[PDB]
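First up is the structure itself, then whatever we jot down about it.
As a convention, Cβ positions derive from the backbone with ideal geometry for all residues, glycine included, and neighbour counts pool all protein chains shown. Any read-out appearing in this document is the output of simple, stated calculations on the displayed coordinates, not a laboratory observation.
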Amino acid sequence: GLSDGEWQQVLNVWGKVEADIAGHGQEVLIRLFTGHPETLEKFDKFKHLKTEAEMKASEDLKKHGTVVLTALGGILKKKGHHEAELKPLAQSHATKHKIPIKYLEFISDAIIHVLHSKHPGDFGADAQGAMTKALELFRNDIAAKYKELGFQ
Ligand code: HEM
């Protein structure tokens, strides 16, 4: 449950991401994969990436980063009214990709890390609070769908 002012902060922060969705998406995934190498194993199409240099050079990783952040941005712009947008992602990530909710926590924190890394001094405490709450809401609603599906 975010206030109007918190959603305003979220969407203000998101404008930073939308200016360079592929660069943000790439860095989010690289942060996820390098911080939590087990997550790489969930991607048949990225498990060949042995080094961060290879990850950085991967155009397909940037492409997927764009897909991920485009989806997330579409969800965030719903300001919590995202059941229709979230449902297929929860279902695909539980049933097809088999992504534990822990990895969604990892990527949520990776987003925060990337925002500070790319916008140092420009991702204020209020913005971090609002973005964190929005990612918690996202993760929590996914978690509810995971529970429905019995997925761990
Ligand atoms: C912000 C959180 C995430 C968003 C918005 C997101 C979004 C997406 C989207 C839109 C797709 C393609 C459509 C689909 O298959 O449903 C996808 C595919 C996929 N996602 Fe995610 N995802 C997120 C987090 C994760 C995490 C944390 C993992 C694993 C650690 C993961 C693993 C995968 C895999 C393996 C695929 C299939 C990739 C392929 O083979 O093309 N996702 N994701």
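Of all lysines in the structure, those lying under 27 Å Cα to Cα from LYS45, and not within fewer than 8 positions of it along the same chain, are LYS56, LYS62, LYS63, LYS87, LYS96, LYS98, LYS102, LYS118, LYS145. Put a dot 7 Å past the Cα of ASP126, heading toward its Cβ, do the same for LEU149, and the two dots end up 3.7 nm apart. Considering every alpha-carbon pair of the stretch 32-100, the percent of pairs per 10 Å bin, from zero through the bin containing the longest distance, is 18, 44, 30, 8. Estimated from the Cβ-Cβ distance and a Förster radius of 25 angstrom, the FRET efficiency linking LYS42 and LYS118 is about 0.50. Using a cut-off of 25 Å between Cα atoms, the listed pairs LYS16/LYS79; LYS47/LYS147; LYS47/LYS133; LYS47/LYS78 include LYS47/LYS147; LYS47/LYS133; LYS47/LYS78 as exceeding that distance. Radius of gyration over Kirkwood radius for the chain, both on Cα atoms: the Rg/Rh ratio is 0.95.
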